[PDB]
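Enquirer: experimental coordinates for this protein are included below, preceded by the sequence.
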Amino acid sequence: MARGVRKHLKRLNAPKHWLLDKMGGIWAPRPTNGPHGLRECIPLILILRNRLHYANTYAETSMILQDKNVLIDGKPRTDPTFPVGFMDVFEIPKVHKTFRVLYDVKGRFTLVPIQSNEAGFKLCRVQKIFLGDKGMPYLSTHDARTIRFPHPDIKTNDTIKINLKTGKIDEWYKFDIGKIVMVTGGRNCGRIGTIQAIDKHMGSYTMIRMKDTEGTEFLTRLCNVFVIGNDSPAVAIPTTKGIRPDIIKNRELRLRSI
Amino acid sequence: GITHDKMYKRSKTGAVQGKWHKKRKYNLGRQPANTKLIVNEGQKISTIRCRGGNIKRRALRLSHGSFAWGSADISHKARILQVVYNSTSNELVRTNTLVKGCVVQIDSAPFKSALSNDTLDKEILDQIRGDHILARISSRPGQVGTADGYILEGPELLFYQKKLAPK
Amino acid sequence: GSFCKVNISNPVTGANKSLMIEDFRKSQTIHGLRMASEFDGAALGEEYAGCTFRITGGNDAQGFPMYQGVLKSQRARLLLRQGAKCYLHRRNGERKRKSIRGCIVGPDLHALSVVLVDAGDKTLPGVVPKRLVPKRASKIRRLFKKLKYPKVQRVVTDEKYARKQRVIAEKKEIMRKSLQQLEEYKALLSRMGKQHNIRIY
RNA sequence: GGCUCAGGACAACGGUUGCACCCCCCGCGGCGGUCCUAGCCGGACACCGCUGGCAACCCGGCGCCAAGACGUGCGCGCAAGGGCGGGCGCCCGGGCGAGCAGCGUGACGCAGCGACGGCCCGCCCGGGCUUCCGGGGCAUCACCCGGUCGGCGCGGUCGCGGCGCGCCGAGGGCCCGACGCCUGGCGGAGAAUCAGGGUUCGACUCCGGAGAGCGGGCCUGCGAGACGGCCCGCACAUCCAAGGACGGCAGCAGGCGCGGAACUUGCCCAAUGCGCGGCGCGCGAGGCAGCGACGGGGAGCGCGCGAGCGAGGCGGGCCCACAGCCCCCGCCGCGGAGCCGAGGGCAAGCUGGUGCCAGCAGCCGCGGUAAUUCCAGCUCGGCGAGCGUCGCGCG
Ligand SMILES: [Mg+2]
Ligand SMILES: [Mg+2]
Ligand SMILES: [Mg+2]
Ligand SMILES: [Mg+2]
Ligand SMILES: [Mg+2]
Ligand SMILES: [Mg+2]
Ligand SMILES: [Mg+2]
Ligand SMILES: [Mg+2]
């Protein structure tokens, strides 16, 4: 048993969806604690070197970050291993590139370019309501954020809209049947659909039944269901409408692209 | 050192298991405080550095504590005279060792100074006009460094009186 | 070797000198004497008679120093804690066992460390200068090519005054904001219930 | 981080639950009210100067001086713990499946923050334990356990618990194989073999566990019962100017011994990451090269009646942290096959020797004068830069 926490991470043990080459090396970046966890995040360096290709090595990323050339939720970050998660805001004013981090159908991270009208807020999921010191109510979110004195109408599992400049709630979408959702966990990551039914088993998980826009139906547990508006998404989403094609169609598309 | 790990015990069938690692620091214990009633010498409390930087204070000698009368809602600080009953062992009583659950005798001055002039439980008044009152210890000396408690009343008081009467 | 390089130091003049001793019988008046104990110079009749000295330390023949509460004429071993004399620690909480000569003075010593406390009117070959200067504000205030002078410390300059005032202002603002947020919340909830810690005093 | 698999067989480990019995550094987001000289407090030590001891290791005495160090500390009440505060057959908000959190109030106590302001809370990684199922062999081991099984009470612990102690009762496990003994016993993901069903192995790449000569103990720290941290006993070992002092390569190279059996005492952080920190440092982690018939893959010792082309050397590129190496470009141009066998299984036959001798032979067998089987020549067959022999597993 290791006498303390773990500071390394073998490349072969890294999450599958990060898409890291087997021969790249023995080691891989180790994300640091922050807004999101290890298995629900991705480091900055991977976005800035293996995707956008603005850097070729660790050193270039170090210089770019320490020069303060990237903003996260309106705040410059200088850690190459800082974790980037879901429904976050990515801005690079030098090239005027604004992205919101969402999930693709295949179950991997993607950058959705956006406008200036909606980059001042983010959507977050509320999953804990509790009493703090002196008995003052609080709440928490999927990005490790705490807000004091919320409205009583807000309950757990809901979704909250908050300005980037100020962490003040603007509007909240309830968790109810007939609302569009985005799956964010397991075999169905990235699929968009509307709720149809809710079944609860005492002392265990709660299962949600949704129907895609084209009629496909699927299930998952309530711990990975995210609300994105009332019958219509509040934010801009990737080109495809959360439709997971079959193997035949993907093979056809690959053949066309080749 | 002292430990409470279960590797050194036997199985439900009474068989020897065998040791597969050396001793570990999570599974350690410490020598008992053995809090003594005072009856150089004075209130002596020490401190212990526990896991995670926490601080645990155990008392070695003390003489005062806070006591309550629930029925009359009266609470003051008093002096403990001696211990007179303890279920676990009689040796503790002879040595006047303080632990949770010990039945002690307190002085009546802080209570009689305001009582004996209001209708209340008869037995408590009888104790008040005397020099001592039966009480109990509710805190855990050796873990918080204090000795608090409450005054007896009702069936339990009868139980303890019947127990210690012949002596 | 049968000798003792006696070291003499003067706090007032900061002058130190050493000599040599070739005998012991002249030093039977030195035996049985502990540290921090007066030792008359009558034994040293060559201009040190009528002068009082105090023993401060020494080293035995093998080099082992002399500890305080040993109260013995022989060196012994003991576990030395961090920060104790004659022990240099390598780790934060490392201990070490080593030999030290007992405080009691005896014929075995090859060195002696003695000071001068009270001297006779006669002068001796053995003024105190200063190599550095006080640096704190209080010190210099109490006491009144390249030019080198120490930089000053503990002195208040405007930026510190502004910093303290700003910190006070920010703290007051924070407390006021929390107070008004709480009051607005309490004004709300007119149709429900609350439980919070009342401010006493 | 790296090395190894000694120990250990309802354990470890693998899948699945829980903490309404828990602790948690960095980081992120919040919060921030503190009982009774504040234009800024006090004294030290380090290095350092003088003076010295001893072979070495080691340190002594005096002396002015610095802090985001140490100590005290200005300030709007606040740590831990404790007493009282719900119901009338059950069910039908802060939160729950679940009377759990918080608060008020009567008394104790002044913990933490504060001479450039953070105690505190939530999340995260991690750890501890814990439910259920699986988890080697021997019956020439059939009965075993006695804190062993439960209850009550206290102590101690981050914390539940026979974890420890006092009292009480008796209990628990077993042919659906207990207990005992053995193991040249780390486990899993996996590997070898090949119709289908299966058998054997699983040091070693990734995850987890355990250890640093054997056995124990402890400080610092959020976190270690840590050994490139200290203390003791035991077994070895070293230096001594003989009084004393000192050590732990199952880390990288190297050496002795052992065995059938296994490499350079090389260069560099440029790459992948780790620690510290702003325009970088360090890393025997890691990379590059050297040896290398464990081994795997791709070409070649000619085609043709004359031309062509390799390997090889000389120089330039490219690559490289520097060098190699592959590959590209001009000049000159080393063409090399062995290991088994020829009675059958099993594809493949001519003379000379020797004479149940010498020898061959996995089995049957040959050899006592043609020896189709030994020893040589010729010839021929198999595979091929590989071939044959020995032991193990699968078939
Ligand atoms: Mg105060
Ligand atoms: Mg301070
Ligand atoms: Mg073994
Ligand atoms: Mg391993
Ligand atoms: Mg270890
Ligand atoms: Mg150890
Ligand atoms: Mg070592
Ligand atoms: Mg180590």
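Expert: Arrived safely, thanks for sending. Numbers count the residues shown, from 1 in each chain, chains lettered A, B, ... in the order given. Ligands and ions are numbered 1, 2, ... in the order given.

Enquirer: and the closest residue to RNA strand D within the stretch 51-200 of chain A, how far from residue C:194?
Expert: Relative to RNA strand D, the nearest point of the stretch 51-200 of chain A is residue A:135 (2.5 Å; C-beta to the nearest atom of the strand). (C-beta placed from N, C-alpha, C; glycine too.) Residue A:135 is 8 Å from residue C:194, where distance means C-beta to C-beta, to the nearest Å.

Enquirer: if I read this right, residue C:109 contacts residue C:59, doesn't it?
Expert: Yes: using C-beta atoms under 8 Å, residue C:109 makes contact with residue C:59 at a distance of 7.3 Å.

Enquirer: anything in contact with each of these two?
Expert: C:66, C:101 (C-beta atoms under 8 Å, 6 or more residues apart in numbering or on different chains).

Enquirer: list the contacts of the residue of the stretch 51-200 of chain A closest to RNA strand D.
Expert: Residues in contact with residue A:135 (C-beta under 8 Å, 6+ apart) are C:195, C:196, C:197.

Enquirer: the last one belongs to a helix?
Expert: No: the assignment for residue C:197 by DSSP: H, G, I helix; E, B strand; the rest coil gives coil, which leaves it out of any helix.

Enquirer: what about it, how many neighbours?
Expert: By other C-beta atoms under 10 Å in any protein chain shown, 9 other residues sit near residue C:197.

Enquirer: now it: phi and psi?
Expert: Here is the backbone geometry of residue C:197 (degrees, to the nearest 10): phi -80, psi 120.

Enquirer: nearest residue to residue C:27 other than its sequence neighbours?
Expert: The spatial neighbour of residue C:27 that comes closest, neighbours along the chain excluded (C-beta to C-beta, 6 or more residues apart in numbering or on different chains), is residue C:43 at 6.5 Å.

Enquirer: residue contacts, the one you found?
Expert: Counting by C-beta under 8 Å, 6+ apart, residue C:43 makes contact with C:26, C:27, C:29, C:30.

Enquirer: now the first one, what are its backbone angles?
Expert: Residue C:26 adopts backbone torsions of phi -60, psi -20, taken as degrees, to the nearest 10.

Enquirer: quick one, phi psi at the nearest residue to it once chain neighbours are set aside?
Expert: Sequence neighbours aside, residue C:43 is the residue nearest to residue C:26 in space, at 5.8 Å (criterion: C-beta to C-beta, 6+ apart). Residue C:43 adopts backbone torsions of phi -60, psi -40, taken as degrees, to the nearest 10.

Enquirer: list the helices and strands the lengthiest helix in chain C packs on?
Expert: Scanning chain C for the helix with the most residues, using DSSP state H, yields helix C:158-187. With contacts defined as 3 or more C-beta pairs under 8 Å, 6 or more residues apart in numbering or on different chains; DSSP states H and E, helix C:158-187 has no helix or strand neighbours.

Enquirer: buried set for it?
Expert: Buried residues in helix C:158-187, counted by 16 or more other C-beta atoms under 10 Å in any protein chain shown: C:182, C:185.

Enquirer: where does chain B get nearest to chain C, residue-wise?
Expert: Nearest residue of chain B to chain C (C-beta to the nearest C-beta) works out as residue B:49 at 12.3 Å.

Enquirer: that residue and residue B:55 touch, don't they?
Expert: Yes: the pair residue B:49 and residue B:55 passes the contact test of C-beta under 8 Å, sitting 6.7 Å apart.

Enquirer: in what element of secondary structure is residue A:138 found?
Expert: According to DSSP states H and E, residue A:138 maps onto strand A:137-141.

Enquirer: next, count neighbours for residue 102.
Expert: This is for chain A. For residue A:102, the tally of surrounding residues (other C-beta under 10 Å) stands at 21.

Enquirer: chain C was what I was after
Expert: By the criterion of other C-beta under 10 Å, residue C:102 has 21 neighbours.

Enquirer: which ones are touching it?
Expert: Taking C-beta under 8 Å, 6+ apart as the criterion, residue C:102 is in contact with C:66, C:67, C:70, C:71, C:72, C:73, C:74, C:75, C:76.

Enquirer: of the residues you listed - the most surrounded one?
Expert: residue C:66 (26 neighbours).

Enquirer: pretty sure that one sits against residue C:106.
Expert: No: Residue C:66 lies out of contact with residue C:106 (C-beta under 8 Å); the separation is 10.2 Å.

Enquirer: helix, strand or coil: sort out the residue in chain A that chain C sits nearest to for me.
Expert: Nearest residue of chain A to chain C: residue A:134, at 3.9 Å (C-beta to the nearest C-beta). Taken by three-state DSSP, the conformation at residue A:134 corresponds to helix.

Enquirer: residue A:30 is in contact with residue A:7, isn't it?
Expert: Yes: Residue A:30 lies in contact with residue A:7 (C-beta under 8 Å); the separation is 6.4 Å.

Enquirer: more neighbours: the two, which one.
Expert: Just comparing residue A:30 and residue A:7: by other C-beta under 10 Å the higher neighbour count belongs to residue A:30, 13 against 7.

Enquirer: got the contact list for that one?
Expert: Here residue A:30 is in contact with A:7, A:8, A:9, A:81 (criterion: C-beta under 8 Å, 6+ apart).

Enquirer: just the buried members of those?
Expert: Among the contacts of residue A:30, none is classed as buried by neighbour count (16+ other C-beta under 10 Å).

Enquirer: put together a markdown table for the residues you listed, with secondary structure on each row.
Expert: Formatted as a markdown table, the contacts of residue A:30 follow (three-state DSSP):
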| residue | secondary structure |
| --- | --- |
| A:7 | coil |
| A:8 | coil |
| A:9 | coil |
| A:81 | coil |
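
Enquirer: contacts with RNA strand D among the residues you listed, please.
Expert: Counting by C-beta under 7 Å from any atom of the strand, A:7, A:8, A:9, A:81 from these sit close to RNA strand D.

Enquirer: quick check: buried residues in stretch C:139-149?
Expert: The neighbour-count check on stretch C:139-149 (16+ other C-beta under 10 Å) flags residue C:140 as buried.
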